[PDB]
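Novice: Provided herewith is a single structure, encoded as structure tokens, for subsequent inquiry.
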Number of protein chains: 2
Amino acid sequence: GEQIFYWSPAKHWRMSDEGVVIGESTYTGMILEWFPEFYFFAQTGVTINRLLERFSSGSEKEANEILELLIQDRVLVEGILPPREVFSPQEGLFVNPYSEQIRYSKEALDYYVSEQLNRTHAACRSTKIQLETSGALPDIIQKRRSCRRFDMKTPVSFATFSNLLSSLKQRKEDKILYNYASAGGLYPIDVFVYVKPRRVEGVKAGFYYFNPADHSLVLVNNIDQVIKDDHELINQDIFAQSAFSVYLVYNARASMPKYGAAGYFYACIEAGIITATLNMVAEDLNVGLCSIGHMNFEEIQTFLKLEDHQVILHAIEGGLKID
Amino acid sequence: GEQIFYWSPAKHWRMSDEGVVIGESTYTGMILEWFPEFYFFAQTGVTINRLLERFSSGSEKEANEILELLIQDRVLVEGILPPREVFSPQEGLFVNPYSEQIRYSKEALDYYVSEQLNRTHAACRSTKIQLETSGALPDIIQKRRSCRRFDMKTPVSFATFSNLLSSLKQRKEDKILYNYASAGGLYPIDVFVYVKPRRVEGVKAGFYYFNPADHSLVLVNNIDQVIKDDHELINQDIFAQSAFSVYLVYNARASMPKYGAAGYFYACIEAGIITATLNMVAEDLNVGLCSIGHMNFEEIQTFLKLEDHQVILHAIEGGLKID
Ligand SMILES: Cc1cc2nc3c(=O)[nH]c(=O)nc-3n(C[C@H](O)[C@H](O)[C@H](O)COP(=O)(O)O)c2cc1C
Ligand SMILES: Cc1cc2nc3c(=O)[nH]c(=O)nc-3n(C[C@H](O)[C@H](O)[C@H](O)COP(=O)(O)O)c2cc1C
């Protein structure tokens with residue numbers, strides 16, 4: 001019925017001359033009298049009305065204004081946090097020995113990378129075992145690259161697309177089995193796909209939920225579409241060229257009832273497993289993929305009609321390779 | 001020189017009749033007068049001496065006792081949190097609609113699983129696209145299973161072991177390349193291996209750092225060993241039989257200088273990619289693997305001589321398959 005909000009675990013606070021600092025923002029007005037009790041109260045799970053009844057005492061317009069802002073600013077949340085918010089506090093614990101100019105200079109960055117690729121563990125002793133370089137590895141593994149340019153004219157055949165997604169399907173064989181591992185065998189990653197118009201034979205544009213039990217796509221949304229402004233600038237041409245987008249979504253209901261918060265962590269690992277498994281079948285079918293770290297997931301989540309117990313973990317752009 | 005402690009982002013607090021509640025524990029004595037200022041002060045990064053100078057005012061033995069306990073209880077920490085602590089607060093946000101008896105009953109669990117494997121997205125419309133089941137998938141992918149019984153007599157040949165780990169090595173080819181994807185191409189997962197005595201041809205028992213630039217093992221620790229009590233009960237026979245253990249470690253210094261906290265999240269995905277990539281080469285070489293979700297990583301971290309900027313993400317047991 002009514003929405004229940006919690007104090008975000010990712011948000012810590014502090015008093016100021018200016019007001020109450022929560023996260024990276026300072027807040028003003030009534031809220032200064034509300035603390036510390038407001039922090040204690042909000043951790044228990046409370047509605048907006050119960051917050052007003054407990055703290056309003058004065059302009060009820062002025063109180064809704066600061067609550068509206070704590071929801072806007074994600075200090076009060078309705079469900080599990082998406083991964084960006086889960087991890088954000090770790091910035092405050094990592095002491096960075098490099099200069100911030102790594103992020104602003106392709107020349108400073110090119111240097112940081114070559115240094116990290118030649119790193120070694122500090123606690124190493126002066127003994128070594130040189131392994132044999134000779135051995136032969138599967139070509140689907142060794143030739144896989146991050147593909148950022150696709151054939152924008154030839155449609156992905158329905159067979160190729162079907163074959164790609166059968167890597168993620170179920171197999172009934174004395175017991176249900178997948179082609180990839182999963183903590184508890186709970187397989188709590190919901191898989192969704194956005195297909196661009198005319199780019200996949202047999203699949204109208206839209207957002208679809210991949211059902212691994214049927215090996216089917218089930219329509220979710222044909223009204224909205226993904227655009228380039230939903231992508232970080234560095235990725236917009238990748239998206240422009242891609243034929244489809246895969247979205248890996250954690251269903252907390254498929255995991256936390258058994259593993260608690262550790263299941264969310266396990267689902268982040270499982271997201272990698274799925275990406276790697278897909279990326280190998282792709283190379284077999286001369287499909288290219290590119291992982292996307294970040295995107296306007298706030299919008300995608302709304303297009304996919306996700307619930308409080310579902311969050312987007314990862315995204316992948318795909319399509320036929322040129323030539 | 002001196003150690004600098006931060007208030008753990010994973011820890012929230014509350015006042016009580018009994019005392020100050022921090023995390024799932026209530027604390028007593030001097031600490032009740034120290035709040036709220038102690039919370040504000042500790043977020044900035046402070047030494048033990050500066051804490052004493054600012055709050056002692058009284059029994060300095062009684063103050064070291066509560067600080068010793070806040071460090072023991074991980075309320076005050078020296079670096080990035082390991083994944084279990086990163087995620088733990090999410091339990092407080094997930095509203096569980098199932099009974100807790102899922103965790104205590106193999107019959108309640110067997111039922112929760114079959115229900116989650118037949119789940120569907122709630123926002124689905126009544127349209128479907130049935131994909132072709134026909135397509136053929138690589139056998140290294142389709143036949144891969146979680147292997148929990150190994151040949152404990154035949155040693156993994158040095159060639160097989162070398163070939164397995166070349167999936168994780170670098171390749172100089174106009175530019176440095178790996179066989180698997182990584183955000184920013186920073187490859188911030190340090191790979192370590194524990195080898196049991198007599199179980200891998202050419203590799204003495206011990207902990208080793210895998211250097212992907214040389215394709216070498218570099219000794220870290222031959223004194224300590226992993227034992228069964230370092231494993232969850234459910235996994236102890238898996239470990240007992242395995243020939244070696246792989247540990248995937250996030251080097252925050254190889255990632256956060258560029259991506260901030262998001263690089264830690266990306267490294268959790270990358271851990272999956274690595275596990276899947278390894279698990280495919282393994283199947284090619286008739287090596288079995290099993291992922292381990294949890295283990296006494298507090299001990300392993302010490303055996304690997306990790307620094308504040310390194311945390312263990314995942315573990316894998318491996319060895320030759322029976323017959
Ligand atoms: C992140 C992760 C953690 C896992 N942890 C464990 C574990 O602690 N113990 C275990 O026996 N298996 C573990 N597994 C293996 C799964 O139980 C297994 O993948 C699942 O039962 C499906 O079986 P399959 O690999 O044979 O398809 C783990 C898998 C993943 C992806
Ligand atoms: C978690 C993750 C996120 C990624 N995000 C992006 C991205 O946002 N943009 C991009 O161009 N590439 C992205 N990539 C691809 C990497 O940049 C790529 O794997 C790396 O440069 C190594 O190249 P290779 O795949 O050709 O070996 C991502 C990879 C991973 C594993």
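Labeling convention for the structure tokens: chains A, B, ... as they appear, residues from 1 per chain, ligands from 1 in order of appearance.
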Could you list, as a PyMOL selection string, all the residues within 8 Å of ligand 1, counting only C-alpha atoms and all ligand atoms?
Specialist: (chain A and resi 177-186+265-267+269-270+273) or (chain B and resi 144-148+232+234-235+238+272+290-295+314)
Novice: Based on DSSP run over this structure's backbone, return all residues of range 147-301 of chain A in alpha helix (DSSP H), as a count of residues only.
Specialist: 47
Novice: Would you list the contacts of residue 187 in chain B as a PyMOL selection string, taking every protein, DNA or RNA residue within 12 Å and counting only C-alpha atoms, but skipping same-chain residues closer than 5 positions in sequence?
Specialist: (chain A and resi 113-119) or (chain B and resi 168-170+176-182+211-213+248-256+263-264+266-271+273-274)
Novice: Next, write the just-selected residues to a file, as a short mmCIF file (atom, residue, chain, number, x, y, z; two decimals), in the first residue's frame, keeping N, CA, C and O atoms as the atom set.
Specialist:
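Below is the file that was written, result_30.cif:
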```cif
data_model
loop_
_atom_site.label_atom_id
_atom_site.label_comp_id
_atom_site.auth_asym_id
_atom_site.auth_seq_id
_atom_site.Cartn_x
_atom_site.Cartn_y
_atom_site.Cartn_z
N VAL A 113 48.51 2.54 -16.74
CA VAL A 113 48.13 1.21 -17.18
C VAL A 113 49.36 0.34 -17.34
O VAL A 113 49.43 -0.79 -16.82
N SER A 114 50.36 0.82 -18.08
CA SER A 114 51.54 0.00 -18.30
C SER A 114 52.21 -0.34 -16.98
O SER A 114 52.82 -1.42 -16.82
N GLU A 115 52.10 0.56 -16.00
CA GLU A 115 52.66 0.29 -14.67
C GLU A 115 51.85 -0.79 -13.93
O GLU A 115 52.43 -1.64 -13.22
N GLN A 116 50.51 -0.79 -14.09
CA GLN A 116 49.69 -1.78 -13.41
C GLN A 116 49.77 -3.13 -14.10
O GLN A 116 49.57 -4.18 -13.49
N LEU A 117 50.06 -3.13 -15.38
CA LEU A 117 50.19 -4.41 -16.06
C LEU A 117 51.53 -5.05 -15.82
O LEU A 117 51.69 -6.24 -16.10
N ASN A 118 52.50 -4.29 -15.30
CA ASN A 118 53.79 -4.86 -14.91
C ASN A 118 53.96 -4.90 -13.39
O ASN A 118 55.08 -5.03 -12.90
N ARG A 119 52.85 -4.89 -12.65
CA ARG A 119 52.92 -4.94 -11.21
C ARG A 119 53.26 -6.34 -10.72
O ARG A 119 53.19 -7.33 -11.47
N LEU B 168 45.26 -17.11 -18.17
CA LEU B 168 45.32 -15.88 -17.40
C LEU B 168 46.56 -15.06 -17.68
O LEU B 168 46.72 -13.98 -17.10
N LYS B 169 47.42 -15.53 -18.58
CA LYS B 169 48.65 -14.82 -18.85
C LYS B 169 48.45 -13.71 -19.88
O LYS B 169 47.45 -13.65 -20.61
N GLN B 170 49.46 -12.86 -19.95
CA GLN B 170 49.57 -11.81 -20.94
C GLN B 170 50.18 -12.35 -22.24
O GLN B 170 50.88 -13.36 -22.27
N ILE B 176 49.68 -5.18 -25.07
CA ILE B 176 49.52 -6.32 -24.18
C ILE B 176 48.06 -6.75 -24.20
O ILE B 176 47.16 -5.91 -24.02
N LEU B 177 47.83 -8.07 -24.34
CA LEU B 177 46.50 -8.66 -24.40
C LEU B 177 46.32 -9.86 -23.47
O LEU B 177 47.24 -10.69 -23.31
N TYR B 178 45.12 -9.96 -22.92
CA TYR B 178 44.71 -11.13 -22.15
C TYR B 178 43.67 -11.90 -22.95
O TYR B 178 43.22 -11.46 -24.01
N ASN B 179 43.29 -13.07 -22.43
CA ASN B 179 42.26 -13.93 -23.02
C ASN B 179 40.87 -13.66 -22.47
O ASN B 179 39.93 -14.43 -22.76
N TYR B 180 40.71 -12.57 -21.73
CA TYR B 180 39.43 -12.28 -21.08
C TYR B 180 39.33 -10.77 -20.90
O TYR B 180 40.33 -10.06 -20.87
N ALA B 181 38.10 -10.28 -20.80
CA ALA B 181 37.87 -8.84 -20.75
C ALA B 181 38.11 -8.28 -19.34
O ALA B 181 38.11 -9.00 -18.33
N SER B 182 38.33 -6.97 -19.29
CA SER B 182 38.55 -6.26 -18.04
C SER B 182 38.26 -4.78 -18.23
O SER B 182 38.81 -4.16 -19.14
N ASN B 211 52.29 -14.54 -11.84
CA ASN B 211 52.67 -13.33 -12.55
C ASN B 211 52.26 -13.46 -14.01
O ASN B 211 52.92 -14.19 -14.77
N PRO B 212 51.24 -12.73 -14.47
CA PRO B 212 50.77 -12.91 -15.85
C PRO B 212 51.71 -12.37 -16.90
O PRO B 212 51.62 -12.76 -18.07
N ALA B 213 52.63 -11.49 -16.52
CA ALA B 213 53.60 -10.95 -17.47
C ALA B 213 54.70 -11.95 -17.82
O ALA B 213 55.17 -11.97 -18.97
N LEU B 248 41.32 -15.35 -6.22
CA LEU B 248 41.19 -14.15 -7.00
C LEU B 248 41.12 -12.95 -6.05
O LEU B 248 40.17 -12.80 -5.26
N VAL B 249 42.11 -12.06 -6.17
CA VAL B 249 42.30 -10.93 -5.28
C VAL B 249 42.19 -9.63 -6.04
O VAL B 249 42.86 -9.46 -7.07
N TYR B 250 41.36 -8.72 -5.53
CA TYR B 250 41.27 -7.38 -6.09
C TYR B 250 42.42 -6.50 -5.58
O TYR B 250 42.57 -6.31 -4.37
N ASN B 251 43.20 -5.94 -6.50
CA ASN B 251 44.18 -4.92 -6.19
C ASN B 251 43.52 -3.57 -6.43
O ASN B 251 43.41 -3.12 -7.58
N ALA B 252 43.06 -2.92 -5.36
CA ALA B 252 42.43 -1.61 -5.51
C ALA B 252 43.37 -0.62 -6.19
O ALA B 252 42.91 0.29 -6.90
N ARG B 253 44.70 -0.78 -6.02
CA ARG B 253 45.62 0.17 -6.61
C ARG B 253 45.68 0.05 -8.12
O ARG B 253 46.12 1.00 -8.81
N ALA B 254 45.19 -1.07 -8.66
CA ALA B 254 45.18 -1.30 -10.08
C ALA B 254 43.89 -0.85 -10.75
O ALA B 254 43.71 -1.14 -11.93
N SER B 255 43.02 -0.13 -10.03
CA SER B 255 41.66 0.13 -10.50
C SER B 255 41.05 1.42 -9.94
O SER B 255 40.61 2.28 -10.71
N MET B 256 40.99 1.56 -8.62
CA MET B 256 40.34 2.73 -8.04
C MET B 256 41.01 4.04 -8.43
O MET B 256 40.30 5.06 -8.52
N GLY B 263 35.44 0.60 -9.71
CA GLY B 263 36.39 -0.39 -10.16
C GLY B 263 36.37 -1.65 -9.32
O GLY B 263 36.63 -2.76 -9.81
N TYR B 264 36.06 -1.50 -8.05
CA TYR B 264 35.86 -2.65 -7.18
C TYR B 264 34.66 -3.44 -7.64
O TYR B 264 34.73 -4.66 -7.83
N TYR B 266 33.51 -3.46 -10.71
CA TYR B 266 33.92 -4.08 -11.97
C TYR B 266 34.81 -5.29 -11.73
O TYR B 266 34.80 -6.24 -12.51
N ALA B 267 35.68 -5.22 -10.70
CA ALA B 267 36.53 -6.37 -10.37
C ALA B 267 35.71 -7.57 -9.88
O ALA B 267 36.13 -8.72 -10.07
N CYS B 268 34.55 -7.33 -9.25
CA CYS B 268 33.73 -8.47 -8.88
C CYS B 268 33.17 -9.14 -10.13
O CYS B 268 33.12 -10.37 -10.22
N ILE B 269 32.74 -8.36 -11.11
CA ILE B 269 32.34 -8.95 -12.38
C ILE B 269 33.53 -9.68 -13.01
O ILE B 269 33.40 -10.81 -13.49
N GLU B 270 34.70 -9.03 -13.01
CA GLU B 270 35.87 -9.59 -13.68
C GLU B 270 36.27 -10.90 -13.05
O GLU B 270 36.76 -11.80 -13.73
N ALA B 271 36.04 -11.04 -11.73
CA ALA B 271 36.27 -12.32 -11.05
C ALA B 271 35.45 -13.44 -11.68
O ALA B 271 35.96 -14.56 -11.84
N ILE B 273 34.25 -13.44 -14.86
CA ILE B 273 34.85 -13.66 -16.17
C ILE B 273 36.05 -14.60 -16.06
O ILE B 273 36.23 -15.51 -16.87
N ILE B 274 36.91 -14.36 -15.07
CA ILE B 274 38.10 -15.19 -14.93
C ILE B 274 37.71 -16.62 -14.59
O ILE B 274 38.26 -17.60 -15.13
#
```
Novice: Taking only C-alpha atoms into account, find every residue of chain A that has an atom no more than 6 Å from chain B, and write it out as a VMD selection string.
Specialist: chain A and resid 14 40 79 to 80 87 to 88 90 to 91 93 to 94 103 116 124 to 125 127 to 132 135 142 162 to 163 179 215 to 220 254 258 261 268 to 273 276
Novice: As an NGL selection string, please: every residue in range 22-263 of chain A that a backbone DSSP assignment puts in strand (DSSP E or B).
Specialist: :A and (22 or 25-27 or 46 or 76-77 or 128-130 or 146 or 150 or 156 or 171-172 or 176-177 or 189-195 or 200 or 206-211 or 216-221 or 231 or 244-251)
Novice: Restricting it to N, CA and C atoms, dump the selection as a compact mmCIF listing (two decimals), in the first residue's frame.
Specialist:
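Output (part-v3.txt):
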```txt
# COMPACT_ATOMS: atom_id res chain seq x y z
N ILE A 22 24.99 14.98 4.83
CA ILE A 22 24.63 13.60 4.56
C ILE A 22 25.15 13.24 3.17
N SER A 25 26.49 16.16 0.55
CA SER A 25 25.62 17.32 0.54
C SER A 25 25.33 17.79 1.96
N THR A 26 25.13 19.11 2.09
CA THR A 26 24.75 19.75 3.35
C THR A 26 23.30 20.18 3.24
N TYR A 27 22.49 19.84 4.25
CA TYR A 27 21.07 20.17 4.30
C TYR A 27 20.76 21.14 5.43
N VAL A 46 10.28 3.18 7.76
CA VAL A 46 9.20 4.08 8.14
C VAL A 46 8.55 4.63 6.88
N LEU A 76 16.91 8.29 1.58
CA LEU A 76 15.82 7.38 1.91
C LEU A 76 15.47 6.55 0.68
N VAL A 77 15.50 5.22 0.84
CA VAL A 77 15.41 4.28 -0.28
C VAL A 77 14.38 3.22 0.08
N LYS A 128 61.02 -18.71 -8.27
CA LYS A 128 60.16 -18.62 -9.44
C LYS A 128 59.99 -20.02 -10.01
N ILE A 129 58.82 -20.28 -10.55
CA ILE A 129 58.55 -21.45 -11.39
C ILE A 129 58.04 -20.98 -12.74
N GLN A 130 58.87 -21.09 -13.78
CA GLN A 130 58.47 -20.65 -15.12
C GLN A 130 57.58 -21.71 -15.78
N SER A 146 37.04 -7.30 -27.59
CA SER A 146 35.91 -6.40 -27.35
C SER A 146 35.61 -5.73 -28.67
N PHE A 150 30.13 -2.75 -35.61
CA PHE A 150 29.28 -3.83 -36.06
C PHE A 150 28.74 -3.58 -37.46
N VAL A 156 21.17 -9.81 -37.65
CA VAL A 156 21.49 -11.05 -36.96
C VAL A 156 20.41 -12.07 -37.30
N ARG A 171 18.25 -26.75 -19.37
CA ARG A 171 18.25 -28.06 -20.02
C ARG A 171 17.66 -29.03 -19.00
N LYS A 172 16.52 -29.66 -19.31
CA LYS A 172 15.96 -30.66 -18.40
C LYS A 172 16.63 -31.99 -18.73
N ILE A 176 17.43 -29.87 -13.53
CA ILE A 176 17.59 -28.72 -14.41
C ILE A 176 19.05 -28.28 -14.37
N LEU A 177 19.63 -28.04 -15.57
CA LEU A 177 21.02 -27.62 -15.72
C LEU A 177 21.19 -26.43 -16.64
N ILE A 189 20.13 -14.33 -11.80
CA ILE A 189 20.24 -13.28 -12.80
C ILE A 189 19.10 -13.40 -13.81
N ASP A 190 18.16 -12.46 -13.75
CA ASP A 190 17.21 -12.24 -14.84
C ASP A 190 17.92 -11.61 -16.03
N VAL A 191 17.66 -12.14 -17.22
CA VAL A 191 18.29 -11.66 -18.44
C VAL A 191 17.26 -10.93 -19.29
N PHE A 192 17.58 -9.70 -19.67
CA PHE A 192 16.72 -8.92 -20.53
C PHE A 192 17.50 -8.51 -21.77
N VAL A 193 16.78 -8.21 -22.84
CA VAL A 193 17.39 -7.80 -24.10
C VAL A 193 16.59 -6.65 -24.69
N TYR A 194 17.29 -5.63 -25.13
CA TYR A 194 16.74 -4.62 -26.02
C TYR A 194 17.22 -4.88 -27.45
N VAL A 195 16.28 -4.95 -28.38
CA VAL A 195 16.59 -5.21 -29.77
C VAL A 195 16.25 -3.96 -30.56
N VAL A 200 17.64 -7.62 -35.90
CA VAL A 200 17.64 -9.04 -35.61
C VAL A 200 16.46 -9.68 -36.35
N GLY A 206 12.28 -3.77 -29.23
CA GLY A 206 11.68 -3.63 -27.91
C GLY A 206 12.56 -4.28 -26.86
N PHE A 207 12.07 -4.15 -25.63
CA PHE A 207 12.67 -4.77 -24.46
C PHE A 207 12.00 -6.11 -24.21
N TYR A 208 12.81 -7.14 -23.97
CA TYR A 208 12.29 -8.47 -23.73
C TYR A 208 12.96 -9.11 -22.53
N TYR A 209 12.17 -9.90 -21.82
CA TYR A 209 12.66 -10.77 -20.77
C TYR A 209 12.98 -12.13 -21.35
N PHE A 210 14.24 -12.57 -21.20
CA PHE A 210 14.62 -13.90 -21.67
C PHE A 210 14.20 -14.93 -20.63
N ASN A 211 13.32 -15.85 -21.01
CA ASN A 211 12.88 -16.90 -20.10
C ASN A 211 13.74 -18.14 -20.33
N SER A 216 12.73 -18.61 -24.61
CA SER A 216 11.86 -17.66 -25.29
C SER A 216 12.18 -16.24 -24.85
N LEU A 217 11.86 -15.31 -25.74
CA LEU A 217 11.78 -13.89 -25.40
C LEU A 217 10.32 -13.54 -25.13
N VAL A 218 10.09 -12.80 -24.06
CA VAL A 218 8.74 -12.38 -23.66
C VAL A 218 8.73 -10.86 -23.62
N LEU A 219 7.82 -10.25 -24.39
CA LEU A 219 7.82 -8.81 -24.47
C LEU A 219 7.59 -8.18 -23.10
N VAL A 220 8.34 -7.10 -22.83
CA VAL A 220 8.13 -6.27 -21.66
C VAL A 220 7.68 -4.85 -22.02
N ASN A 221 8.26 -4.29 -23.09
CA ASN A 221 8.08 -2.88 -23.44
C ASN A 221 8.43 -2.68 -24.91
N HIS A 231 23.79 6.54 -22.65
CA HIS A 231 25.09 5.93 -22.57
C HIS A 231 26.11 6.99 -22.22
N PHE A 244 21.71 -5.19 -30.62
CA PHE A 244 20.95 -5.46 -29.42
C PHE A 244 21.80 -5.15 -28.19
N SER A 245 21.13 -5.04 -27.04
CA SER A 245 21.76 -4.78 -25.75
C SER A 245 21.27 -5.86 -24.80
N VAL A 246 22.19 -6.48 -24.08
CA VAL A 246 21.83 -7.43 -23.02
C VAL A 246 21.97 -6.74 -21.67
N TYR A 247 21.01 -6.98 -20.79
CA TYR A 247 21.01 -6.46 -19.42
C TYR A 247 20.94 -7.62 -18.44
N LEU A 248 21.90 -7.67 -17.54
CA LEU A 248 21.96 -8.67 -16.49
C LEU A 248 21.44 -8.05 -15.19
N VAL A 249 20.34 -8.61 -14.68
CA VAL A 249 19.62 -8.09 -13.53
C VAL A 249 19.63 -9.09 -12.40
N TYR A 250 20.02 -8.63 -11.21
CA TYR A 250 19.94 -9.45 -10.01
C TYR A 250 18.52 -9.46 -9.45
N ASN A 251 17.94 -10.65 -9.31
CA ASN A 251 16.68 -10.84 -8.61
C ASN A 251 17.04 -11.24 -7.17
```
Novice: For a test of reading the model, state the distance in Å between atom 8 (O, counted along the ligand's line) of ligand 2 and CA of residue 199 in chain A, rounded to one decimal.
Specialist: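 Separation of atom 8 (O, counted along the ligand's line) of ligand 2 and CA of residue 199 in chain A: 22.0 Å.
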